[PDB]
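Backbone-built Cβ (ideal geometry, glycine too); neighbour counts: all protein chains shown. Since every read-out is calculated from the coordinates, none of them should be taken as a lab result.
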Amino acid sequence: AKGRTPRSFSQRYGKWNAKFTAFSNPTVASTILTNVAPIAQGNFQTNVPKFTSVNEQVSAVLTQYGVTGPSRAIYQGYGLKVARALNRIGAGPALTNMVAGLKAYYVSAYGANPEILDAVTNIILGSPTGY
DNA sequence: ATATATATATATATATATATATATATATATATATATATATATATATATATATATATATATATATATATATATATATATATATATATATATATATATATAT
């Protein structure tokens, strides 16, 4: 019962402004944040190691291919994207479809190299295709 | 009229202590000066240079921290949405029925 009626710009802005003004109160923000701190710490601890590892391994792969500068970000981004899928839905045919779609995305929009994309997905999932 | 004690006086003189003076000199201490020089400490300057610390700059580069951005992607948290569905809670209804 949250996304049932359409909301226009004035409605979205009114509700967002009300909630943002409310959160700016010292007591409201302090209470909410000190209550959710342990759960936030637990979620960070459960999730971020899987992505720092991907960062390090894709860095190692990128240095062997000579990628320097902001062009590394491209492949780093792709790596992280793939990892997200592996964390979200798991391994299987759905992950194959999403890997193919992400490669098409990056090759067509961002001018990525197919060979380096294969190398990144190989260091992450085990094979270029991801089967 | 006598003896002991607390004081005031008339007259000269003596010893103890607190001070003020007339005349010169000596020693100790607190300071002010005339004349040169030295040593210790607090500071201001003339001329160059060095070391320590607080900052401002000329020119490039590096590391740590607080933020703002150019471009895509990831994770944690506060919220606003597009579209179905589920769970907890605060209420309004359509229809019958039960309990406080």
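Observations on the structure shown:
- As a summary of the residue check, A:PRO114 satisfies the conditions (1) farther than 24 Å from A:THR46 by Cβ; (2) within 9 Å of DNA strand B (Cβ to nearest atom) except for the one numbered (2).
- Hits in the stretch A:36-61 (condition: free of Cβ contacts under 8 Å to residues at least 24 places away in the same chain, near DNA strand B (Cβ under 9 Å from one of its atoms) and either of a type in the set (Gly, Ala, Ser) or surrounded by 10 or more Cβ atoms within 10 Å (Cβ to Cβ) (or both)): A:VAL36, A:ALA37, A:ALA40, A:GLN41, A:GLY42, A:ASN43, A:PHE44, A:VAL48
- Residue check: A:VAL67 meets all listed conditions (1) outside any helix (DSSP H, G or I); (2) touching a residue at least 24 places away in the same chain (Cβ under 8 Å); (3) closer than 25 Å to A:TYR131 by Cα but one, namely (3).
- Of the residues making up the stretch A:25-35, just one is among the hydrophobic types (A, V, I, L, M, F, W, C) and either near DNA strand B (Cβ under 6 Å from one of its atoms) or loosely packed, with under 10 Cβ neighbours inside 10 Å (or both), namely A:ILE32.
- Of A:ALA85, A:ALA104, A:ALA109, all but one fail to be within 30 Å of A:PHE44 (Cβ to Cβ) and small (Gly, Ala, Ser); the exception is A:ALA85.
- Breaking point among (1) among the polar types (S, T, N, Q); (2) near DNA strand B (Cβ under 6 Å from one of its atoms); (3) within 24 Å of the chain's Cα centre (by Cα), for A:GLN76: (2)
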